[PDB]
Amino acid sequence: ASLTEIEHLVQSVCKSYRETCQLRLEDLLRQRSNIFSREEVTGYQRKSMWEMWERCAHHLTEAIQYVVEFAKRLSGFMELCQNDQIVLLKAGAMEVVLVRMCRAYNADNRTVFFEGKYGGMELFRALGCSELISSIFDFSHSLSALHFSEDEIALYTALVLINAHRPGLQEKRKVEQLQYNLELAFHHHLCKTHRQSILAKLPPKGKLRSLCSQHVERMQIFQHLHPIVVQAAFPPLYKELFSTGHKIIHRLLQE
């Protein structure tokens, strides 16, 4: 790629992201005074572990589905073979969702948007995975310290997804070339806006992987203790991507 095509790639990624956000950033910031009362928080904490897991699993499936659309809209992704399309989504989808969580994070009061209002991490105590919750909140705290623009989150999450080191890629070189162009795009936009300082502050790739594997771990614990719940009440896309016990992704991609 030459320079003018890199700048074209920057706009293409920013637009693909814009069209595939679960909510506009405005909508998330207009709601910041809308906070769960002490009684609604006690309601969340008195809920059973399995109902809370189901409501979070449902919420994650919606977020993941917008990430699939982002991938379908992302320049060059549909050109990869279906096997690498699925390998990339299987590994990266939760990661992009983890990065995207910071838009719904309010670092003043340390609350997150969840089912219509903002609450702190004590909302999720019924999950019984307080370590993972703390890590997500801290991760989201770190990303918010960097004051990402929407364009930056667009470019960063594109690289989070288009990772040519994912085990199982059949056209590894074709993914590396796409990855290189997106990296060029990202770094060009950072340079043009005088934001290269954030390069040293981005989370290591082992942190995003750590959060994901912890998600799979705590969920496998939960599913062991409640196997019918996951079978009966968890969204199919969520079970495919994560549980012990490629086809919904297949159809999401075909459509």
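Quick note: we count residues from 1 along the sequence shown, nothing fancier.
Coordinates are absent for 4 to 9 residues of the deposited sequence placed between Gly245 and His246. The stretch 127-135 shows the higher mean C-alpha B-factor when 127-135 is compared against 154-162 in the entry. Relative to its counterpart among 93-101 and 145-153, 145-153 has the higher mean temperature factor, C-alpha atoms as listed in the PDB entry. Between the residues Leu199, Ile64, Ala57, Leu211, it is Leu199 that shows the highest Cα B-factor in the PDB record. Sorting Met49, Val216, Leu29, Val68 by the CA temperature factor given in the entry leaves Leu29 at the top. The entry lists a Cα temperature factor for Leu9 that places it in the lowest third of the chain's modelled residues. For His188, the recorded CA temperature factor ranks within the lowest third of the chain's modelled residues. Sort the chain's modelled residues by C-alpha temperature factor and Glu79 lands in the highest third, per the entry.
In this PDB entry, the Cα temperature factor of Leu178 sits in the bottom third of its chain's modelled residues, the lowest group. When the modelled residues of the chain are ordered by their C-alpha B factor, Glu122 lands in the highest third.
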